[PDB]
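Asker: Got a structure here, written out as C-alpha cells. Questions coming.
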Amino acid sequence: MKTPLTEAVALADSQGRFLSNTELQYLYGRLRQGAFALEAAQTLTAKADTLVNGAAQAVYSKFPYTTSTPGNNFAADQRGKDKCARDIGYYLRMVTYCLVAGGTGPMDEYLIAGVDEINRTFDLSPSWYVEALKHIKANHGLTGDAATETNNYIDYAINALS
Amino acid sequence: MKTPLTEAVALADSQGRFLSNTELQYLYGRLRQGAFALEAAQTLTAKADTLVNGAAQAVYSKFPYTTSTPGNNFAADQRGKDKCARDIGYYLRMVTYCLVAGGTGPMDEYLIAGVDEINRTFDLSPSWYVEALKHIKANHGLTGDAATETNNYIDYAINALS
Amino acid sequence: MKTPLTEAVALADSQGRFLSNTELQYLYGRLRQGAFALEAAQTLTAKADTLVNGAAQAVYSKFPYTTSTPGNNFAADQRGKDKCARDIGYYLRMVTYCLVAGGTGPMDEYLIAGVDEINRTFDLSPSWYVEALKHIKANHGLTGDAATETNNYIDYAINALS
Amino acid sequence: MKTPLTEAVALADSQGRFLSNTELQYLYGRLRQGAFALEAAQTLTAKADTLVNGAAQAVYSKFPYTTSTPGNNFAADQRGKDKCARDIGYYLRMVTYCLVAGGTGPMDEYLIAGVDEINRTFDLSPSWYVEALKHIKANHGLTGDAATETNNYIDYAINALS
Amino acid sequence: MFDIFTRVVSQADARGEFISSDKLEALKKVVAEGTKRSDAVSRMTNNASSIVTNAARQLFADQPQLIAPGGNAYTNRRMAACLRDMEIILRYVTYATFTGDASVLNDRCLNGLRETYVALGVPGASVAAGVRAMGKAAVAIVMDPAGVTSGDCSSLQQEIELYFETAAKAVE
Amino acid sequence: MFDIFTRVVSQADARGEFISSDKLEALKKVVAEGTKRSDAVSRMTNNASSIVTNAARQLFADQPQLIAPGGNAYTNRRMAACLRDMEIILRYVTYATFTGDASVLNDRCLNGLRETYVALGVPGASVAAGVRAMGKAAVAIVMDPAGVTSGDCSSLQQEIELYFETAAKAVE
Ligand SMILES: CCC1=C(C)/C(=C/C2=NC(=C\c3[nH]c(/C=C4\NC(=O)[C@H](C)[C@H]4CC)c(C)c3CCC(=O)O)/C(CCC(=O)O)=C2C)NC1=O
Ligand SMILES: CCC1=C(C)/C(=C/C2=NC(=C\c3[nH]c(/C=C4\NC(=O)[C@H](C)[C@H]4CC)c(C)c3CCC(=O)O)/C(CCC(=O)O)=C2C)NC1=O
Ligand SMILES: CCC1=C(C)/C(=C/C2=NC(=C\c3[nH]c(/C=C4\NC(=O)[C@H](C)[C@H]4CC)c(C)c3CCC(=O)O)/C(CCC(=O)O)=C2C)NC1=O
Ligand SMILES: CCC1=C(C)/C(=C/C2=NC(=C\c3[nH]c(/C=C4\NC(=O)[C@H](C)[C@H]4CC)c(C)c3CCC(=O)O)/C(CCC(=O)O)=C2C)NC1=O
Ligand SMILES: CCC1=C(C)/C(=C/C2=NC(=C\c3[nH]c(/C=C4\NC(=O)[C@H](C)[C@H]4CC)c(C)c3CCC(=O)O)/C(CCC(=O)O)=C2C)NC1=O
Ligand SMILES: CCC1=C(C)/C(=C/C2=NC(=C\c3[nH]c(/C=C4\NC(=O)[C@H](C)[C@H]4CC)c(C)c3CCC(=O)O)/C(CCC(=O)O)=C2C)NC1=O
Ligand SMILES: CCC1=C(C)/C(=C/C2=NC(=C\c3[nH]c(/C=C4\NC(=O)[C@H](C)[C@H]4CC)c(C)c3CCC(=O)O)/C(CCC(=O)O)=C2C)NC1=O
C-alpha cells in the first residue's frame with residue numbers, strides 16, 4: 001500500500017502530528033503525475049492484448065527450450081502457453097494498477113513479496129519475465145512524460161525480478 | 001526451382017497461351033511475399049552463426065549417445081562434430097535460400113530429393129535434423145508475416161524430412 | 001555450524017545445565033554414523049574428478065542452450081565451462097565436508113544461506129545444480145549405510161536448491 | 001514372388017516358347033537347393049523362439065536409449081517391447097519363408113517393398129533390425145550349404161534394409 | 001475446377017442474368033475472410049504429415065485385425081498404400097478448403113473411392129473412421145491459435161468439418 | 001510434546017507403580033520397530049518439497065478458484081503462505097511419526113489451527129483434501145523400495161495414515 005497520500009497519512013499518523021503543508025504539496029504534485037497517468041492507463045488498456053501476445057512471442061523466441069522440452073513448468077503443450085498468457089497478463093495488469101495508483105504499492109503487494117519462493121519452488125526462471133517486461137517496455141510506445149514514468153516503473157519490475 | 005513466377009511461366013508454356021491476368025496476380029503475390037522475405041533473410045543471415053551453434057549444442061544435449069558411442073554417423077571425435085555443424089549450417093542456408101526465392105525450390109532441389117536415401121545408406125537419423133530445425137524455429141525469435149512464412153518453410157522441411 | 005556435538009553443547013548452554021546421560025549417547029550414536037562416514041569421505045575423494053567431469057557432461061547434455069547461446073552466465077566459451085567445473089567442484093567438496101562433519105552445518109553455512117540471491121542476480125538457474133547433484137547421487141556408487149546417509153544428504157542439497 | 005520355377009515360367013511366357021531345357025536345369029537347381037533348405041527351415045522353426053528372444057535382448061543391450069527415453073518408436077514401456085519382438089519374429093518368419101520358397105520373393109513382397117518408407121514415417125531406424133539380423137545369423141549356428149544359403153538370404157535382407 | 005466465384009458465375013450464367021447485389025456482398029465477405037482461409041490452410045498443411053501418422057496411429061490401436069496377418073493393411077506394401085490413401089485424402093481436403101468449394105474433392109475422390117474400396121476388398125469402415133479422426137485432429141490443430149492474432153473461425157470450422165464428413169460418407 | 005517411552009512413563013506414574021511386563025514386551029517390540037519408524041520419517045522428508053508441490057498442483061487443478069482472482073490463495077504472498085502452511089503440516093506430521101506419538105502433532109500445530117483458518121476466512125476442506133493426497137504420496141514414497149532392504153513397514157504405512165488422518169480431521 002504505497003501511494004503518496006497514504007504515506008503522507010502514515011507519516012502524520014506515525015508521528016501523531018496533524019495534517020500539514022508538507023503533506024499538501026504531494027496532492028498537487030500528484031497532479032504532475034496523474035494528468036498523464038490516467039491517459040497512459042487507458043492507452044495501456046487499449047494496447048493490452050497485442051502486448052501480451054507479442055511478449056509471449058518474444059519469450060518463446062528467446063528461449064526455444066521452453067517450447068521444446070516437455071515439462072510442467074515449460075510451455076510445451078497448450079496449457080503451459082495458457083499459463084504463460086495468464087502470467088504475462090497478470091504482469092501487465094499489475095503495471096496498469098501501479099500506474100493508476102501512483103506508487104509501486106499495488107505492484108509491490110500483489111507480485112513482489114512472494115516471487116522469490118515461487119520462482120524457487122516452481123522452477124520459473126525470472127529471466128523469462130525479464131524478457132516479457134523488456135518487450136512490453138519496448139512495445140508500449142508511450143509518448144512524452146507518460147513514457148518516462150513507465151520506464152522508472154517497468155525498471156522497478158525488472159529490478160524486483162533480478 | 002519452385003518459383004511462382006517460373007511456375008506461372010511453366011503453366012503458360014504448357015497452355016501455350018500468352019500472359020494472362022492470373023500471372024499478373026501471381027507476380028503481385030510474389031512481390032507481397034518478398035517485401036518482408038528479404039528483411040527476414042537479412043536478420044537470419046545476421047543470426048545464423050549463433051543459430052547453428054545453439055542448434056548443434058541443443059541436438060548434442062538432446063541425444064547424449066551420439067557424443068557417447070564411437071560410430072561413423074555420430075560425433076564421437078571432433079571431425080564428426082564439424083560435419084554435423086556443417087550439415088545444420090547447410091540446412092539453415094537452404095532455409096534462407098528457400099525464403100528469398102519465394103518458394104520451396106532451393107529446399108526441394110538441394111535437400112528434399114535424396115535426403116532420406118543418404119540417411120538410409122549412411123545410417124543417419126532424420127529426427128536429429130528435425131529437432132535441430134525445431135530449435136532453429138524456436139530460436140529465430142521473429143514476429144509478423146515474415147516469421148510465420150519462414151516457420152512454414154521450416155515445418156515444410158520437417159514434414160518432408162520425416 | 002550444525003554437528004551433533006555442538007548442538008548438544010548449545011542445548012546445555014541455553015538451559016544452563018551440564019551434559020546429562022542423554023547427551024552422552026549422542027556421541028556413541030555418532031559412532032553408528034562415523035564408522036562408515038569417514039570411509040565414504042575417502043572414497044568420494046577418490047571418485048571426485050570423474051564425478052565433476054560426468055556432472056558437467058550431464059548438465060551440458062540436459063541443457064544444450066547453455067553451450068549454444070552466447071552469454072556471461074552460459075558456458076558458451078572455455079571460461080564459462082571453467083566456472084562450471086569450479087561450481088560443481090565446490091558442490092562436491094561441500095558434500096564431502098558435510099559428510100565428514102556429520103551434520104548439514106558446513107553445507108548449510110557455506111552454500112545455502114546466499115544461494116537465492118546469487119541465483120536471482122547472476123542468472124544461475126538452480127535446476128542446473130539439480131541435474132548436477134542428481135548425477136552425482138546416481139554416479140557415486142556408495143556401498144551400504146554410507147550410500148543412504150549421503151542420499152538423505154544429497155536430497156537436502158536439492159531441497160535447499162529447489 | 002521370386003520363385004525360380006515361376007521365374008522360368010514368366011520367362012518362357014515372355015518368349016512365348018514351350019518349355020526349354022534351360023527350364024529343366026532350373027528345376028534341377030531348385031531341387032538341389034530345397035534338398036537342404038527344407039531341413040534348414042525345420043531347425044530354424046525349432047530354434048525360432050530363442051532366436052527372437054536373444055535378438056530382442058541383444059538389440060536392447062545394443063542401444064540402451066530405446067529402453068531409456070520415452071518415445072513412440074522406442075520400447076519405453078512393455079507394449080513397445082511387445083511390438084519390437086513382434087517385428088523381429090516377423091523378420092525371422094520371413095527368413096524361413098524366403099528359405100523354403102527357394103528365392104527372395106516372400107522377403108521382397110512382404111518386407112522389402114515399403115520397409116524404408118514406414119521407417120521414415122514412423123521415425124524407426126533400420127539399423128536396429130540390421131543388428132538384429134546380425135545376431136540371428138550369429139545365433140543359428142548351422143553348417144553346410146543350408147547355413148550359407150540362409151546367411152545369404154539374411155545379408156540380402158540386411159543390404160536391402162540399409 | 002469450380003471455385004466459389006466460379007460457382008456464382010455458373011449460377012448467374014444458368015440464370016443468364018447479371019449477379020445480384022447481395023450475392024456480391026457475400027463475395028465481399030468472402031474476400032474479407034480470405035486471409036483466414038490462408039491462415040487455416042497454412043496451419044494444417046504445416047502439420048499434415050504428422051496428422052496422417054496420428055490418424056493411422058489411432059486406427060491401428062483401434063483395429064488390430066488390420067495389422068494382423070491376412071488383414072487388408074497387413075503387408076508393408078499395403079501399409080504404404082494405406083498411408084498413400086490417407087495422405088492424398090488429406091491433400092484433397094486441403095485443396096477444397098483452399099478453393100472454398102467441395103467440387104474439387106467430390107469430382108476427384110467421390111467417383112471411385114467407394115468403387116476401388118469395394119473392388120479391392122478394402123473395408124470402407126476403417127477409412128471412414130480414420131478420416132473422421134483425421135478431421136478431428138485437423139480441426140484441433142486449425143482452431144487453437146499459437147502466437148496467432150485472435151479472431152473468430154467458426155465458419156472455417158464448419159467448412160472443414162463439412163469437407164471431412166463428405167469424405168467420410170464418400171468412403172463409408 | 002510426548003515420546004511414547006514417556007507416554008508409558010507418565011501413564012505408569014499416574015498409576016503410580018512400576019512398568020508392567022506386558023508394557024515391556026510392547027516397548028521392546030517398539031524398540032525393534034523404531035528402526036523402521038525413525039528413518040521412515042526421514043524418507044518421508046526426503047521428497048518433502050516435491051510432495052508439497054505435487055499436492056498443491058493437484059489441489060489447484062481440482063479447485064480452480066484458489067488460483068482464480070477473488071480466491072483465498074490468489075495473490076502471490078497468499079499462495080506462498082499456503083505453500084508454507086502445507087510444508088508446516090507435513091513437517092509436523094513428520095515430527096509426530098518420529099516421536100512415534102501424535103501428541104506433538106495435536107500439541108504443536110493442529111489445535112488453534114482450526115480457529116485460525118476459520119477466523120482468516122481460509123477454507124478448511126481444501127486443506128483436508130490437500131493433507132489426504134499428501135499422505136497417500138507420503139506412505140508410497142516411504143513404502144516404495146529403492147536401494148533399501150525389503151522389510152515389513154506395514155505398521156509405518158499404518159501409523160502415518162493415522163497421523164495424516166488426524167491432521168486432516170483436526171483441520172476440518
Ligand atoms: C498476480 C501475480 C502472479 C504471478 C507472478 C504468478 C506466477 C505463477 N505462475 C504460475 C505458473 C506458470 N507460469 C508459467 C509461465 C511460464 N513458464 C515458462 O516456462 C514460460 C517461459 C513462462 C511463460 C511466460 C507456466 C508454464 C506455469 C505452469 C506451472 C504448472 O503448470 O505446474 C503459478 C502456479 C499457479 C498455477 O498452477 O496456475 C503462479 C503462482 N501468479 C500470479 O498470480
Ligand atoms: C545442402 C544440404 C546438404 C546436407 C544437409 C548434406 C549432408 C551430408 N552429411 C553427410 C555425412 C555425415 N553427417 C554426419 C552427421 C551427424 N552425425 C552426428 O553426430 C550428428 C548427429 C549429425 C550432425 C547432423 C556425420 C558424422 C557424417 C559422416 C558419416 C560418417 O562419418 O561416415 C554426407 C555424406 C558425405 C560426407 O560428409 O562425409 C552428406 C551428403 N549434404 C548436403 O548437400
Ligand atoms: C562454495 C559454494 C559456491 C557456489 C554455489 C558459488 C556459485 C557462483 N557461481 C558463480 C559463477 C558461474 N557459475 C557458472 C556455472 C554454470 N552456469 C551455467 O550456465 C552452467 C549450467 C553452470 C555450470 C554447471 C558460470 C558459467 C558462472 C559465470 C558467471 C560470470 O562469469 O559472470 C559465481 C560468481 C563468481 C565468479 O565470478 O567466479 C558464484 C558466487 N560460488 C561458490 O563459491
Ligand atoms: C512381416 C514383416 C513386417 C514388419 C517387420 C512390420 C513392422 C511394423 N512395425 C511397426 C511399428 C513399431 N515398431 C516398433 C519397434 C521398435 N521400437 C523399439 O523399441 C525397438 C527398437 C523396435 C523393435 C523392432 C514400435 C515401438 C512401433 C510402434 C511405433 C509407435 O508405437 O508409434 C509398424 C506400424 C504399425 C504398428 O505396430 O503399430 C509396422 C507395420 N510389419 C510387417 O508387416
Ligand atoms: C486421387 C484420388 C485417389 C484415391 C483416394 C485413390 C486410392 C487407391 N487406394 C488404393 C489401395 C489401397 N487402399 C488401402 C487402404 C486401407 N488399408 C486398409 O486396410 C484400411 C481399410 C485403409 C487404410 C487407410 C489398401 C491396403 C490398398 C492396397 C490394396 C491392394 O493392395 O489391393 C488403390 C489401389 C492401387 C494401389 O495399390 O496403390 C487406389 C487406386 N486413388 C486415387 O486416384
Ligand atoms: C502463410 C504465410 C502467411 C500467414 C500465416 C499469413 C497470416 C495472416 N492471418 C491474418 C489475419 C487473421 N487470421 C485469423 C485466423 C485465425 N486466428 C484465430 O484466432 C484462429 C485460430 C485462426 C483461424 C483458423 C484471424 C481471426 C485474423 C484477423 C481478423 C480476420 O481477418 O478474421 C492476417 C492479416 C493481418 C495479420 O493478422 O497479420 C495475415 C497476414 N499471411 C501469410 O502470407
Ligand atoms: C505450526 C502450525 C501453524 C499453521 C498451520 C499456521 C497457519 C497460518 N496460515 C496463515 C495464512 C494462510 N493460509 C492459507 C491457506 C490455504 N490456501 C488455500 O487456498 C487453501 C484453502 C489453504 C492451503 C491449504 C492462505 C492463502 C493464507 C494467507 C492468507 C493471508 O495471509 O492473507 C496464517 C496467517 C499468516 C500469514 O501466513 O500471512 C497463519 C498463522 N500457522 C502456524 O503457526
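Here's how to read the names in the C-alpha cells: chain A, B, ... by the order shown, residue numbers from 1 in each chain, ligand numbers from 1 in the order shown.
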If we count only C-alpha atoms and set the cut-off at 12 Å, which residues sit around residue 78 in chain F, ignoring sequence neighbours fewer than 3 positions away in its own chain? Please answer as a PyMOL selection string.
Answerer: (chain A and resi 109-115+117-118) or (chain F and resi 66-67+69-75+81-85+120+122)
Asker: Extract, using only C-alpha atoms, all DNA, RNA and protein residues at most 10 Å from range 6-18 of chain E, discarding same-chain residues fewer than 3 positions from it, and format them as a VMD selection string.
Answerer: chain E and resid 1 to 3 21 23 to 24 27 101 103
Asker: Around ligand 1, which protein and nucleic acid residues have at least one atom no more than 6 Å from it, if we count only C-alpha atoms and all ligand atoms? List them as an MDAnalysis selection string.
Answerer: (chainID A and resid 66 72:75 80 83:84 87 90 110:111 124 128) or (chainID F and resid 57 74:76)
Asker: Lay chain E over chain F with a least-squares fit on all the C-alpha atoms, paired in sequence, and tell me the RMSD.
Answerer: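 Once chain E is overlaid on chain F, the RMSD is 0.7 Å.
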Asker: Contacts from chain B to chain E, 10 Å maximum, only C-alpha atoms: show me the residue list as number ranges by chain.
Answerer: B: 143-144, 148-149, 151-160, 162
Asker: Keeping only C-alpha atoms, write the selected residues as an mmCIF file, in the first residue's frame.
Answerer:
data_model
loop_
_atom_site.group_PDB
_atom_site.id
_atom_site.type_symbol
_atom_site.label_atom_id
_atom_site.label_comp_id
_atom_site.auth_asym_id
_atom_site.auth_seq_id
_atom_site.Cartn_x
_atom_site.Cartn_y
_atom_site.Cartn_z
ATOM 1 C CA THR B 143 7.317 -11.674 -35.424
ATOM 2 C CA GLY B 144 4.945 -10.862 -38.233
ATOM 3 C CA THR B 148 5.415 -17.380 -39.981
ATOM 4 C CA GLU B 149 6.397 -17.604 -43.655
ATOM 5 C CA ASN B 151 8.206 -21.065 -39.970
ATOM 6 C CA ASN B 152 6.095 -22.505 -42.780
ATOM 7 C CA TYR B 153 9.252 -23.243 -44.773
ATOM 8 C CA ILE B 154 10.876 -24.813 -41.700
ATOM 9 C CA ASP B 155 7.995 -27.161 -40.916
ATOM 10 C CA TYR B 156 7.785 -27.998 -44.621
ATOM 11 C CA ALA B 157 11.374 -29.190 -44.326
ATOM 12 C CA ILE B 158 10.401 -31.052 -41.148
ATOM 13 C CA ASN B 159 7.419 -32.786 -42.773
ATOM 14 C CA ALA B 160 9.305 -33.754 -45.919
ATOM 15 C CA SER B 162 10.269 -37.214 -41.626
#
Asker: Work out how far CA of residue 87 in chain E is from atom 15 (C, counted along the ligand's line) of ligand 4, in Å to one decimal.
Answerer: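 So the two atoms, atom 15 (C, counted along the ligand's line) of ligand 4 and CA of residue 87 in chain E, lie 22.5 Å apart.
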Asker: Considering only C-alpha atoms, return as a list in words whatever protein or nucleic-acid residues lie within 7 Å of range 47-56 of chain C, sequence-local ones (same chain, fewer than 2 positions apart) excluded.
Answerer: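 Near range 47-56 of chain C, the qualifying residues are residues 43, 44, 45, 58, 59, 60, 85, 88, 89, 132, 135 and 136 of chain C.
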Asker: Any chance you could export the current selection's N, CA, C and O atoms as a PDB file, in the first residue's frame?
Answerer:
ATOM      1  N   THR C  43      36.381 -42.396  -0.086  1.00  0.00           N
ATOM      2  CA  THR C  43      36.076 -42.937  -1.407  1.00  0.00           C
ATOM      3  C   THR C  43      35.446 -41.878  -2.313  1.00  0.00           C
ATOM      4  O   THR C  43      35.574 -41.950  -3.542  1.00  0.00           O
ATOM      5  N   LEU C  44      34.839 -40.838  -1.726  1.00  0.00           N
ATOM      6  CA  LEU C  44      34.382 -39.711  -2.532  1.00  0.00           C
ATOM      7  C   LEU C  44      35.552 -38.869  -3.013  1.00  0.00           C
ATOM      8  O   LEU C  44      35.537 -38.364  -4.145  1.00  0.00           O
ATOM      9  N   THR C  45      36.567 -38.701  -2.157  1.00  0.00           N
ATOM     10  CA  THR C  45      37.802 -38.029  -2.558  1.00  0.00           C
ATOM     11  C   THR C  45      38.473 -38.746  -3.727  1.00  0.00           C
ATOM     12  O   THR C  45      39.040 -38.103  -4.617  1.00  0.00           O
ATOM     13  N   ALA C  58      26.607 -34.202 -17.914  1.00  0.00           N
ATOM     14  CA  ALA C  58      25.162 -34.357 -17.776  1.00  0.00           C
ATOM     15  C   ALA C  58      24.449 -33.015 -17.849  1.00  0.00           C
ATOM     16  O   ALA C  58      23.358 -32.910 -18.423  1.00  0.00           O
ATOM     17  N   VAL C  59      25.055 -31.972 -17.282  1.00  0.00           N
ATOM     18  CA  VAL C  59      24.437 -30.650 -17.329  1.00  0.00           C
ATOM     19  C   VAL C  59      24.465 -30.100 -18.751  1.00  0.00           C
ATOM     20  O   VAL C  59      23.492 -29.490 -19.216  1.00  0.00           O
ATOM     21  N   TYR C  60      25.541 -30.373 -19.491  1.00  0.00           N
ATOM     22  CA  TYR C  60      25.601 -29.885 -20.865  1.00  0.00           C
ATOM     23  C   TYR C  60      24.681 -30.689 -21.772  1.00  0.00           C
ATOM     24  O   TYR C  60      24.139 -30.155 -22.744  1.00  0.00           O
ATOM     25  N   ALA C  85      33.081 -26.056 -13.845  1.00  0.00           N
ATOM     26  CA  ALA C  85      33.917 -27.004 -13.120  1.00  0.00           C
ATOM     27  C   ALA C  85      34.180 -26.517 -11.705  1.00  0.00           C
ATOM     28  O   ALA C  85      34.128 -27.306 -10.753  1.00  0.00           O
ATOM     29  N   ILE C  88      30.660 -26.955  -9.649  1.00  0.00           N
ATOM     30  CA  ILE C  88      30.312 -28.329  -9.290  1.00  0.00           C
ATOM     31  C   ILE C  88      31.378 -28.931  -8.378  1.00  0.00           C
ATOM     32  O   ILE C  88      31.070 -29.757  -7.505  1.00  0.00           O
ATOM     33  N   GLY C  89      32.638 -28.503  -8.525  1.00  0.00           N
ATOM     34  CA  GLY C  89      33.660 -28.937  -7.588  1.00  0.00           C
ATOM     35  C   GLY C  89      33.422 -28.396  -6.195  1.00  0.00           C
ATOM     36  O   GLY C  89      33.649 -29.092  -5.201  1.00  0.00           O
ATOM     37  N   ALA C 132      23.143 -31.591 -11.621  1.00  0.00           N
ATOM     38  CA  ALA C 132      24.492 -31.951 -11.194  1.00  0.00           C
ATOM     39  C   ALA C 132      24.471 -32.841  -9.959  1.00  0.00           C
ATOM     40  O   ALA C 132      25.163 -33.868  -9.913  1.00  0.00           O
ATOM     41  N   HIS C 135      23.043 -36.304 -10.816  1.00  0.00           N
ATOM     42  CA  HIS C 135      24.038 -37.118 -11.499  1.00  0.00           C
ATOM     43  C   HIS C 135      25.103 -37.619 -10.535  1.00  0.00           C
ATOM     44  O   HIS C 135      25.575 -38.754 -10.658  1.00  0.00           O
ATOM     45  N   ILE C 136      25.474 -36.792  -9.554  1.00  0.00           N
ATOM     46  CA  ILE C 136      26.437 -37.219  -8.541  1.00  0.00           C
ATOM     47  C   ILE C 136      25.851 -38.332  -7.679  1.00  0.00           C
ATOM     48  O   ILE C 136      26.508 -39.351  -7.423  1.00  0.00           O
TER      49      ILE C 136
END
Asker: Which chain A residues are at most 9 Å from chain C (counting only C-alpha atoms), as a PyMOL selection string?
Answerer: chain A and resi 63-65+116+120-127+161-162
Asker: Could you give me the residues within 8 Å of ligand 6, counting only C-alpha atoms and all ligand atoms, as a short mmCIF file (atom, residue, chain, number, x, y, z; two decimals) with N, CA and C atoms, in the first residue's frame?
Answerer:
data_model
loop_
_atom_site.label_atom_id
_atom_site.label_comp_id
_atom_site.auth_asym_id
_atom_site.auth_seq_id
_atom_site.Cartn_x
_atom_site.Cartn_y
_atom_site.Cartn_z
N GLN B 33 5.05 -11.22 -50.93
CA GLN B 33 5.87 -12.09 -50.09
C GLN B 33 7.27 -11.52 -49.90
N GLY B 144 5.54 -11.38 -37.02
CA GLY B 144 4.94 -10.86 -38.23
C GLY B 144 4.76 -11.92 -39.30
N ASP B 145 4.46 -11.43 -40.50
CA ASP B 145 4.21 -12.30 -41.65
C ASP B 145 5.48 -13.02 -42.08
N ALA B 146 6.62 -12.36 -41.94
CA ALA B 146 7.89 -12.96 -42.32
C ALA B 146 8.25 -14.12 -41.42
N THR B 148 6.20 -16.18 -39.75
CA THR B 148 5.41 -17.38 -39.98
C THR B 148 5.63 -17.93 -41.39
N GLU B 149 6.04 -17.08 -42.34
CA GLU B 149 6.40 -17.60 -43.65
C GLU B 149 7.67 -18.45 -43.56
N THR B 150 8.65 -17.97 -42.79
CA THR B 150 9.85 -18.77 -42.51
C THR B 150 9.52 -20.02 -41.72
N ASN B 152 6.74 -21.62 -41.82
CA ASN B 152 6.10 -22.51 -42.78
C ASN B 152 7.12 -23.27 -43.60
N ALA E 32 -13.13 -10.71 -47.65
CA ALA E 32 -12.73 -10.20 -46.34
C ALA E 32 -12.14 -11.31 -45.47
N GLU E 33 -12.61 -12.55 -45.62
CA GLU E 33 -12.08 -13.64 -44.80
C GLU E 33 -11.09 -14.52 -45.55
N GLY E 34 -10.64 -14.10 -46.74
CA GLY E 34 -9.67 -14.88 -47.49
C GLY E 34 -8.35 -15.05 -46.76
N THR E 35 -7.98 -14.07 -45.94
CA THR E 35 -6.79 -14.21 -45.12
C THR E 35 -6.96 -15.29 -44.06
N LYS E 36 -8.20 -15.56 -43.65
CA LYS E 36 -8.41 -16.62 -42.68
C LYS E 36 -8.43 -17.98 -43.35
N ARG E 37 -8.87 -18.03 -44.61
CA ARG E 37 -8.64 -19.22 -45.43
C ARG E 37 -7.15 -19.51 -45.54
N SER E 38 -6.35 -18.47 -45.75
CA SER E 38 -4.89 -18.62 -45.80
C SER E 38 -4.33 -19.10 -44.47
N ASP E 39 -4.82 -18.53 -43.37
CA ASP E 39 -4.40 -18.91 -42.02
C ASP E 39 -4.64 -20.40 -41.78
N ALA E 40 -5.83 -20.89 -42.13
CA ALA E 40 -6.19 -22.27 -41.85
C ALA E 40 -5.44 -23.25 -42.75
N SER E 42 -2.60 -22.81 -44.29
CA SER E 42 -1.20 -22.81 -43.89
C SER E 42 -0.99 -23.61 -42.61
N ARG E 43 -1.90 -23.46 -41.64
CA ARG E 43 -1.76 -24.15 -40.37
C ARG E 43 -1.84 -25.66 -40.52
N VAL E 142 -6.15 -26.64 -36.35
CA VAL E 142 -6.51 -25.39 -37.03
C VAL E 142 -7.02 -24.36 -36.05
N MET E 143 -7.92 -24.77 -35.14
CA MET E 143 -8.68 -23.80 -34.37
C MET E 143 -7.84 -23.10 -33.31
N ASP E 144 -7.02 -23.85 -32.58
CA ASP E 144 -6.26 -23.26 -31.48
C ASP E 144 -5.15 -22.37 -32.03
N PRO E 145 -5.08 -21.11 -31.60
CA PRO E 145 -4.01 -20.23 -32.07
C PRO E 145 -2.75 -20.35 -31.24
N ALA E 146 -1.60 -20.47 -31.91
CA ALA E 146 -0.31 -20.50 -31.25
C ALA E 146 0.49 -19.29 -31.71
N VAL E 148 -0.81 -16.59 -32.77
CA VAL E 148 -1.54 -16.06 -33.91
C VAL E 148 -2.51 -15.01 -33.39
N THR E 149 -2.69 -13.94 -34.16
CA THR E 149 -3.61 -12.87 -33.78
C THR E 149 -5.05 -13.40 -33.79
N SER E 150 -5.81 -12.97 -32.78
CA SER E 150 -7.06 -13.63 -32.46
C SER E 150 -8.18 -13.21 -33.41
N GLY E 151 -9.18 -14.07 -33.52
CA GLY E 151 -10.32 -13.83 -34.38
C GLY E 151 -11.27 -14.99 -34.26
N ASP E 152 -12.43 -14.84 -34.90
CA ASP E 152 -13.40 -15.92 -34.96
C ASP E 152 -13.15 -16.78 -36.20
N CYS E 153 -13.40 -18.08 -36.06
CA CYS E 153 -13.07 -19.04 -37.10
C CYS E 153 -14.12 -20.14 -37.18
N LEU E 156 -14.98 -21.35 -40.79
CA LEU E 156 -13.96 -22.25 -41.30
C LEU E 156 -14.06 -23.61 -40.64
N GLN E 157 -14.34 -23.63 -39.34
CA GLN E 157 -14.52 -24.89 -38.62
C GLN E 157 -15.66 -25.70 -39.21
#
Asker: Got a sec to tell me which of chain A DSSP assigns to alpha helix (DSSP H), as a PyMOL selection string?
Answerer: chain A and resi 4-15+21-62+64-68+78-101+105-107+115-121+126-139+145-161
Asker: Just the number, please: distance in Å from CA of residue 129 in chain C to atom 15 (C, counted along the ligand's line) of ligand 3, one decimal.
Answerer: 8.7 Å
Asker: Please indicate the distance in Å from CA of residue 140 in chain E to CA of residue 44 in chain E, rounded to one decimal place.
Answerer: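 If I compute the distance from CA of residue 140 in chain E to CA of residue 44 in chain E, I get 9.5 Å.
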Asker: Using only C-alpha atoms and all ligand atoms, find each protein or nucleic acid residue lying at most 10 Å from ligand 5; present the set as a PyMOL selection string.
Answerer: chain E and resi 52+55-56+59-60+63+65-67+71-92+105-117+119-131+167+171
Asker: Measuring atom to atom with only C-alpha atoms and all ligand atoms, identify which of C:95, C:138, C:27, C:38 is nearest to ligand 3.
Answerer: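 For ligand 3, the nearest of the candidates is C:95.
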